[PDB]
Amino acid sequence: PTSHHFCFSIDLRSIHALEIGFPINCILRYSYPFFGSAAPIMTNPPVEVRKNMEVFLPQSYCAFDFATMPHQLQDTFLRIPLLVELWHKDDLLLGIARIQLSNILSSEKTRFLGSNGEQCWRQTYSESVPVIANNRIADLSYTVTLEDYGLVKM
C-alpha cells in the first residue's frame, strides 16, 4: 500500500583514460541487485581506450523498472555505492569507480512526462568520478535519472 513505482537509469557515457600503462580493449561492468538480481550489466563491444583521450562507450545505457517503498530506495542509495569495474578484455580488472547513487536524491525533483507516457516526478544528475586502481587510472563521466511514478497502481 505504500510502495512506489520507479524507473532508474544509468548511462556510463564516457571514460577519459589518464594513467593506465597500456592501450586496452575496454568494457565497464556493474551490478546493483537492489533493482532486481541479475548477472553484471556490461557495455559492449570492448572499445579501444589509449592514454589521454576521451572514448564514448557503446551500449552504455540501462534502465531499471521496479517497485519499492521510498525509504528503501533512499536508504539503499545512501548506504550502498554502485561499483563500476573497468576491465581490459582479452581478462584483467584494472579499476573500480564508486558512484554514490544518493547524489541524485539531492537534485531538484519536478513533474515530467515519464518515459512510459505517464506523469512522474523526475530527478537527474551528471558528474565525473575517478576509476581507482590505488592510483587514479581514468575518469568516468555518467548521468543517472530517477522517475517516481507515485504509489503502485491498483
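Don't overthink the numbering: it's just position in the shown sequence, from 1.
Going from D90 to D91, the model skips 4 to 9 deposited residues, which lack coordinates. In the deposited entry, the stretch joining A133 to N134 is interrupted by 4 to 9 residues of the deposited sequence lacking coordinates. Higher average CA B factor: 50-58, of the stretches 50-58 and 36-44. On average the C-alpha atoms of 22-30 have higher B-factors than those of the other stretch, with 22-30 and 102-110 being the two compared.
Taking the PDB entry at face value, the top CA B factor among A63, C120, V129, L94 belongs to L94. When all modelled residues of the chain are sorted by CA temperature factor, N116 is found within the highest third. In this PDB entry, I15 carries a Cα temperature factor that places it within the highest third of its chain's modelled residues. Among all modelled residues in this chain, the alpha-carbon of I137 has a temperature factor (C-alpha) in the highest third.
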